[PDB]
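Data block for run-v1.json (JSON, C-alpha atoms and all ligand atoms):
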```json
[["chain", "number", "residue", "atom", "x", "y", "z"],
["A", 1, "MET", "CA", 50.06, 25.09, -24.55],
["A", 2, "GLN", "CA", 47.99, 27.16, -26.85],
["A", 3, "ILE", "CA", 47.43, 26.32, -30.48],
["A", 4, "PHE", "CA", 45.32, 27.90, -33.20],
["A", 5, "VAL", "CA", 42.96, 26.21, -35.64],
["A", 6, "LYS", "CA", 42.24, 28.25, -38.73],
["A", 7, "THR", "CA", 39.23, 27.70, -40.96],
["A", 8, "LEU", "CA", 38.97, 28.49, -44.66],
["A", 9, "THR", "CA", 36.90, 31.59, -44.00],
["A", 10, "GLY", "CA", 39.72, 32.99, -41.84],
["A", 11, "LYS", "CA", 38.16, 32.29, -38.44],
["A", 12, "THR", "CA", 40.62, 31.26, -35.72],
["A", 13, "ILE", "CA", 39.77, 28.89, -32.91],
["A", 14, "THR", "CA", 42.16, 28.93, -29.92],
["A", 15, "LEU", "CA", 42.74, 25.68, -28.03],
["A", 16, "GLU", "CA", 44.61, 24.71, -24.86],
["A", 17, "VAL", "CA", 46.21, 21.35, -25.44],
["A", 18, "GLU", "CA", 49.07, 19.13, -24.33],
["A", 19, "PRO", "CA", 51.80, 17.81, -26.71],
["A", 20, "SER", "CA", 50.65, 14.28, -25.83],
["A", 21, "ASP", "CA", 46.98, 14.94, -26.88],
["A", 22, "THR", "CA", 45.85, 12.90, -29.83],
["A", 23, "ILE", "CA", 44.33, 14.37, -32.98],
["A", 24, "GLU", "CA", 41.03, 12.76, -32.01],
["A", 25, "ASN", "CA", 41.18, 14.62, -28.69],
["A", 26, "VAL", "CA", 41.76, 17.82, -30.61],
["A", 27, "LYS", "CA", 38.76, 17.21, -32.88],
["A", 28, "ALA", "CA", 36.65, 16.53, -29.79],
["A", 29, "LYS", "CA", 37.74, 19.91, -28.38],
["A", 30, "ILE", "CA", 36.84, 21.56, -31.68],
["A", 31, "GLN", "CA", 33.43, 19.91, -31.42],
["A", 32, "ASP", "CA", 33.04, 21.25, -27.85],
["A", 33, "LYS", "CA", 33.76, 24.79, -29.03],
["A", 34, "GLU", "CA", 32.22, 24.90, -32.49],
["A", 35, "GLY", "CA", 29.70, 22.10, -32.54],
["A", 36, "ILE", "CA", 31.34, 20.42, -35.56],
["A", 37, "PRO", "CA", 31.28, 16.64, -35.41],
["A", 38, "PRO", "CA", 34.75, 15.12, -35.54],
["A", 39, "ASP", "CA", 33.87, 12.85, -38.50],
["A", 40, "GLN", "CA", 33.32, 16.02, -40.50],
["A", 41, "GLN", "CA", 36.71, 17.52, -39.62],
["A", 42, "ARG", "CA", 39.96, 17.28, -41.46],
["A", 43, "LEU", "CA", 43.09, 18.83, -39.96],
["A", 44, "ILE", "CA", 46.30, 19.84, -41.78],
["A", 45, "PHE", "CA", 49.68, 20.79, -40.30],
["A", 46, "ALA", "CA", 53.25, 20.76, -41.65],
["A", 47, "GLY", "CA", 52.27, 19.34, -45.00],
["A", 48, "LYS", "CA", 50.28, 16.50, -43.51],
["A", 49, "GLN", "CA", 46.73, 15.51, -43.02],
["A", 50, "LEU", "CA", 46.63, 14.73, -39.32],
["A", 51, "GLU", "CA", 45.69, 11.16, -38.30],
["A", 52, "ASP", "CA", 43.35, 10.62, -35.37],
["A", 53, "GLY", "CA", 45.48, 8.16, -33.38],
["A", 54, "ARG", "CA", 48.69, 10.24, -33.50],
["A", 55, "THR", "CA", 49.73, 12.98, -31.14],
["A", 56, "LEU", "CA", 50.48, 16.65, -31.55],
["A", 57, "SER", "CA", 54.12, 16.04, -30.64],
["A", 58, "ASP", "CA", 54.31, 13.41, -33.47],
["A", 59, "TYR", "CA", 53.69, 16.25, -35.93],
["A", 60, "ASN", "CA", 56.01, 18.74, -34.18],
["A", 61, "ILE", "CA", 53.03, 20.84, -33.21],
["A", 62, "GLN", "CA", 54.14, 23.36, -30.60],
["A", 63, "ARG", "CA", 52.97, 26.45, -28.78],
["A", 64, "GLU", "CA", 51.24, 28.96, -31.07],
["A", 65, "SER", "CA", 51.28, 26.48, -33.99],
["A", 66, "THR", "CA", 48.48, 27.00, -36.52],
["A", 67, "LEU", "CA", 46.55, 24.02, -37.81],
["A", 68, "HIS", "CA", 44.14, 24.25, -40.74],
["A", 69, "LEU", "CA", 40.63, 22.84, -40.53],
["A", 70, "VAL", "CA", 38.60, 21.72, -43.51],
["A", 71, "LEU", "CA", 34.99, 20.72, -43.12],
["A", 72, "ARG", "CA", 33.10, 18.08, -45.02],
["A", 73, "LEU", "CA", 29.41, 17.84, -45.58],
["A", 74, "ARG", "CA", 27.72, 14.54, -44.99],
["A", 75, "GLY", "CA", 27.56, 12.42, -48.11],
["A", 76, "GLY", "CA", 25.01, 9.89, -49.09],
["B", 1, "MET", "CA", 6.42, 26.33, -44.74],
["B", 2, "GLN", "CA", 8.88, 23.80, -46.06],
["B", 3, "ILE", "CA", 11.89, 24.55, -48.16],
["B", 4, "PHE", "CA", 14.54, 22.22, -49.57],
["B", 5, "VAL", "CA", 18.28, 22.79, -49.33],
["B", 6, "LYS", "CA", 20.28, 20.69, -51.82],
["B", 7, "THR", "CA", 23.99, 19.97, -51.63],
["B", 8, "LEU", "CA", 26.25, 18.87, -54.43],
["B", 9, "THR", "CA", 26.89, 15.66, -52.49],
["B", 10, "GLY", "CA", 23.33, 14.73, -53.29],
["B", 11, "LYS", "CA", 21.80, 15.39, -49.91],
["B", 12, "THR", "CA", 18.48, 17.23, -49.61],
["B", 13, "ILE", "CA", 17.84, 18.93, -46.30],
["B", 14, "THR", "CA", 14.23, 19.81, -45.53],
["B", 15, "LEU", "CA", 13.68, 22.90, -43.39],
["B", 16, "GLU", "CA", 10.61, 24.39, -41.73],
["B", 17, "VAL", "CA", 10.73, 28.13, -42.04],
["B", 18, "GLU", "CA", 8.72, 31.31, -42.22],
["B", 19, "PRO", "CA", 8.87, 33.86, -45.07],
["B", 20, "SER", "CA", 10.08, 36.49, -42.60],
["B", 21, "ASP", "CA", 13.04, 34.34, -41.43],
["B", 22, "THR", "CA", 16.42, 35.85, -42.23],
["B", 23, "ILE", "CA", 19.09, 33.99, -44.15],
["B", 24, "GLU", "CA", 21.12, 34.03, -40.89],
["B", 25, "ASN", "CA", 18.25, 32.21, -39.21],
["B", 26, "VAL", "CA", 18.16, 29.65, -42.03],
["B", 27, "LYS", "CA", 21.90, 29.02, -41.71],
["B", 28, "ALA", "CA", 21.44, 28.42, -37.99],
["B", 29, "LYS", "CA", 18.83, 25.77, -38.79],
["B", 30, "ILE", "CA", 21.20, 24.13, -41.22],
["B", 31, "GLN", "CA", 23.91, 24.15, -38.57],
["B", 32, "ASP", "CA", 21.48, 22.40, -36.17],
["B", 33, "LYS", "CA", 20.97, 19.60, -38.65],
["B", 34, "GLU", "CA", 24.24, 19.27, -40.48],
["B", 35, "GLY", "CA", 26.79, 20.68, -38.05],
["B", 36, "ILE", "CA", 28.13, 23.26, -40.48],
["B", 37, "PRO", "CA", 28.90, 26.70, -38.99],
["B", 38, "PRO", "CA", 26.95, 29.50, -40.63],
["B", 39, "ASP", "CA", 30.12, 31.42, -41.58],
["B", 40, "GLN", "CA", 31.11, 28.45, -43.74],
["B", 41, "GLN", "CA", 27.77, 28.24, -45.57],
["B", 42, "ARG", "CA", 26.87, 29.82, -48.81],
["B", 43, "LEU", "CA", 23.23, 29.65, -49.90],
["B", 44, "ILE", "CA", 22.12, 30.18, -53.49],
["B", 45, "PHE", "CA", 18.66, 30.57, -54.90],
["B", 46, "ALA", "CA", 17.87, 31.10, -58.62],
["B", 47, "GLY", "CA", 21.52, 31.94, -59.32],
["B", 48, "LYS", "CA", 21.80, 34.50, -56.52],
["B", 49, "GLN", "CA", 23.86, 34.33, -53.38],
["B", 50, "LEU", "CA", 21.72, 34.93, -50.30],
["B", 51, "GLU", "CA", 22.78, 37.63, -47.83],
["B", 52, "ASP", "CA", 22.52, 37.00, -44.11],
["B", 53, "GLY", "CA", 20.55, 40.10, -43.10],
["B", 54, "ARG", "CA", 17.86, 39.60, -45.75],
["B", 55, "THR", "CA", 14.71, 37.47, -45.46],
["B", 56, "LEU", "CA", 13.35, 34.60, -47.50],
["B", 57, "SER", "CA", 10.47, 36.78, -48.73],
["B", 58, "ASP", "CA", 13.12, 39.35, -49.94],
["B", 59, "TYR", "CA", 14.24, 36.71, -52.44],
["B", 60, "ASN", "CA", 10.72, 35.49, -53.23],
["B", 61, "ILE", "CA", 11.52, 32.16, -51.63],
["B", 62, "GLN", "CA", 8.26, 30.31, -51.16],
["B", 63, "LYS", "CA", 6.91, 26.90, -50.08],
["B", 64, "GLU", "CA", 8.84, 24.02, -51.64],
["B", 65, "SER", "CA", 11.51, 26.33, -53.07],
["B", 66, "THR", "CA", 14.90, 24.65, -53.54],
["B", 67, "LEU", "CA", 18.07, 26.41, -52.35],
["B", 68, "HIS", "CA", 21.63, 25.21, -52.85],
["B", 69, "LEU", "CA", 24.21, 24.99, -50.10],
["B", 70, "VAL", "CA", 27.89, 25.15, -50.85],
["B", 71, "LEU", "CA", 30.83, 25.37, -48.46],
["B", 72, "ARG", "CA", 33.05, 28.42, -48.69],
["B", 73, "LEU", "CA", 36.70, 28.02, -49.68],
["B", 74, "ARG", "CA", 37.62, 31.56, -48.85],
["B", 75, "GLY", "CA", 36.52, 34.34, -46.58],
["C", 1, "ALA", "CA", 59.02, 18.97, -46.75],
["C", 2, "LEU", "CA", 56.53, 19.44, -49.47],
["C", 3, "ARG", "CA", 57.90, 20.77, -52.70],
["C", 4, "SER", "CA", 54.65, 20.49, -54.61],
["C", 5, "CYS", "CA", 51.01, 20.00, -53.89],
["C", 6, "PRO", "CA", 50.07, 16.33, -54.10],
["C", 7, "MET", "CA", 46.54, 17.24, -55.25],
["C", 8, "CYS", "CA", 47.11, 19.86, -57.97],
["C", 9, "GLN", "CA", 50.88, 19.59, -58.54],
["C", 10, "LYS", "CA", 51.50, 23.30, -58.00],
["C", 11, "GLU", "CA", 55.17, 23.84, -57.15],
["C", 12, "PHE", "CA", 55.82, 25.37, -53.73],
["C", 13, "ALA", "CA", 58.34, 28.19, -54.17],
["C", 14, "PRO", "CA", 60.88, 28.77, -51.34],
["C", 15, "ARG", "CA", 59.30, 32.12, -50.47],
["C", 16, "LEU", "CA", 56.26, 30.14, -49.09],
["C", 17, "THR", "CA", 56.12, 29.52, -45.36],
["C", 18, "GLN", "CA", 54.87, 26.30, -43.81],
["C", 19, "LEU", "CA", 51.64, 28.20, -43.05],
["C", 20, "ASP", "CA", 51.25, 29.20, -46.69],
["C", 21, "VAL", "CA", 51.73, 25.64, -47.79],
["C", 22, "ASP", "CA", 49.27, 24.26, -45.23],
["C", 23, "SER", "CA", 46.73, 26.84, -46.29],
["C", 24, "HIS", "CA", 47.17, 25.84, -49.96],
["C", 25, "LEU", "CA", 46.78, 22.19, -49.06],
["C", 26, "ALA", "CA", 43.64, 22.91, -47.07],
["C", 27, "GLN", "CA", 42.07, 24.67, -50.04],
["C", 28, "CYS", "CA", 42.97, 21.86, -52.41],
["C", 29, "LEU", "CA", 41.57, 19.30, -50.06],
["C", 30, "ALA", "CA", 38.32, 21.26, -49.56],
["C", 31, "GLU", "CA", 37.80, 21.73, -53.25],
["C", 32, "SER", "CA", 38.01, 17.98, -53.92],
["C", 33, "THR", "CA", 34.68, 16.31, -53.83],
["C", 34, "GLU", "CA", 36.34, 13.12, -52.39],
["C", 35, "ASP", "CA", 38.60, 12.56, -49.40],
["C", 36, "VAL", "CA", 42.19, 12.38, -50.47],
["C", 37, "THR", "CA", 45.26, 10.86, -48.86],
["C", 38, "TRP", "CA", 48.83, 11.81, -49.54],
["D", 1, "ZN", "ZN", 47.11, 22.12, -54.66]]
```
Please express the file's structure as structure tokens.
Amino acid sequence: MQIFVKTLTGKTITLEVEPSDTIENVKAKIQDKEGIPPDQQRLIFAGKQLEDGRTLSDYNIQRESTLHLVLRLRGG
Amino acid sequence: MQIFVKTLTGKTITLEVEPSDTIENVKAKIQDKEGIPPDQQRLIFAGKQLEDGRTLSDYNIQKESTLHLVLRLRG
Amino acid sequence: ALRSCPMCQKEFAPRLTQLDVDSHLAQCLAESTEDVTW
């Protein structure tokens, strides 16, 4: 099933996923497409910050759902 | 020549560039190092926001100039 | 669920969709210099 990941500049990334995919899997896919390291990604959906070990179905994420991606710079 | 790109998180990124490089080119180099997509980068020098199609020399950016990088919150 | 932003306390009016709320949250998270949990 297809989901959308929207960035703060309005760019939309389209992903093919399964409901049983974990958030970490999703970040890895985002990395594959955009080159953004997972550790620098934060995802939001349905009022929640998505946790890496949970699944899309845990958050009720379904076909054509839109997740929001926030990037972090490295710190230090 | 070297330039420095500072972030508000206290990181300094050192880049090797040419005066004729475009801002777009500079953003690509920053992506290579920091993993930030160019469309999410804003670069500032001497209080001015740098436009993608312009060059470093267009802004009088020279060796050891310091730019600031900030992430965009809006398109 | 959310009736207000946990970062900035803005109230979420009923005219806001889930997408609107998520978008607001994303902006509030991005603007914070630290990583926040809620
Ligand atoms: Zn807020």
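For the atom pair formed by atom CA of residue 75 of chain B and atom CA of residue 70 of chain A, the distance is 13.2 Å, given to one decimal.
All chain C residues having an atom within 8 Å of chain B, based on all atoms listed in the file, amount to residues 27, 30, 31 and 33 of chain C.
Between ligand ZN 1 (chain D) and the residues C:15, C:32, C:24, C:38, the shortest atom-to-atom distance, using all atoms listed in the file, involves C:24.
Near residue 16 of chain B, within 7 Å and counting only C-alpha atoms, sit residues 1, 2 and 3 of chain B; same-chain residues fewer than 4 positions away were not included.
You will find atom CA of residue 11 of chain B at 13.9 Å from atom CA of residue 35 of chain B.
If we count all atoms listed in the file, these residues of chain A sit within 10 Å of chain C: residues 6, 7, 8, 42, 43, 44, 45, 46, 47, 48, 49, 65, 66, 67, 68, 69, 70, 71, 72, 73 and 75 of chain A.
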Any chance you could turn chain C into a file with C-alpha atoms, as a PDB file, in the first residue's frame?
```pdb
ATOM      1  CA  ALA C   1      -7.076  12.876  19.859  1.00  0.00           C
ATOM      2  CA  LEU C   2      -5.048  15.958  20.362  1.00  0.00           C
ATOM      3  CA  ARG C   3      -6.956  18.962  21.544  1.00  0.00           C
ATOM      4  CA  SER C   4      -3.916  21.169  21.953  1.00  0.00           C
ATOM      5  CA  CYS C   5      -0.320  21.209  20.909  1.00  0.00           C
ATOM      6  CA  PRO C   6       1.888  19.717  23.615  1.00  0.00           C
ATOM      7  CA  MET C   7       4.791  21.983  22.592  1.00  0.00           C
ATOM      8  CA  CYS C   8       3.179  25.429  22.266  1.00  0.00           C
ATOM      9  CA  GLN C   9      -0.247  24.848  23.850  1.00  0.00           C
ATOM     10  CA  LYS C  10      -2.165  26.177  20.840  1.00  0.00           C
ATOM     11  CA  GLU C  11      -5.737  24.866  20.953  1.00  0.00           C
ATOM     12  CA  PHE C  12      -6.742  22.692  18.000  1.00  0.00           C
ATOM     13  CA  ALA C  13     -10.138  23.907  16.767  1.00  0.00           C
ATOM     14  CA  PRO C  14     -12.588  21.264  15.416  1.00  0.00           C
ATOM     15  CA  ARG C  15     -12.306  22.668  11.886  1.00  0.00           C
ATOM     16  CA  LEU C  16      -8.695  21.249  11.790  1.00  0.00           C
ATOM     17  CA  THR C  17      -8.173  17.898  10.100  1.00  0.00           C
ATOM     18  CA  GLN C  18      -5.762  15.263  11.362  1.00  0.00           C
ATOM     19  CA  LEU C  19      -3.424  16.398   8.571  1.00  0.00           C
ATOM     20  CA  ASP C  20      -3.588  20.005   9.761  1.00  0.00           C
ATOM     21  CA  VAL C  21      -2.777  18.945  13.278  1.00  0.00           C
ATOM     22  CA  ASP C  22       0.123  16.727  12.201  1.00  0.00           C
ATOM     23  CA  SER C  23       1.496  19.549  10.108  1.00  0.00           C
ATOM     24  CA  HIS C  24       1.293  21.938  13.098  1.00  0.00           C
ATOM     25  CA  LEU C  25       3.027  19.408  15.296  1.00  0.00           C
ATOM     26  CA  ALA C  26       5.770  18.907  12.739  1.00  0.00           C
ATOM     27  CA  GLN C  27       6.464  22.636  12.636  1.00  0.00           C
ATOM     28  CA  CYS C  28       6.545  22.910  16.408  1.00  0.00           C
ATOM     29  CA  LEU C  29       8.889  19.995  16.663  1.00  0.00           C
ATOM     30  CA  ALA C  30      11.216  21.385  13.960  1.00  0.00           C
ATOM     31  CA  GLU C  31      11.359  24.777  15.554  1.00  0.00           C
ATOM     32  CA  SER C  32      12.502  23.339  18.890  1.00  0.00           C
ATOM     33  CA  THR C  33      16.221  23.211  19.218  1.00  0.00           C
ATOM     34  CA  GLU C  34      15.903  19.975  21.317  1.00  0.00           C
ATOM     35  CA  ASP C  35      14.139  16.683  20.673  1.00  0.00           C
ATOM     36  CA  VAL C  36      10.820  16.600  22.418  1.00  0.00           C
ATOM     37  CA  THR C  37       8.587  13.746  23.536  1.00  0.00           C
ATOM     38  CA  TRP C  38       4.887  13.929  24.168  1.00  0.00           C
TER      39      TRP C  38
END
```
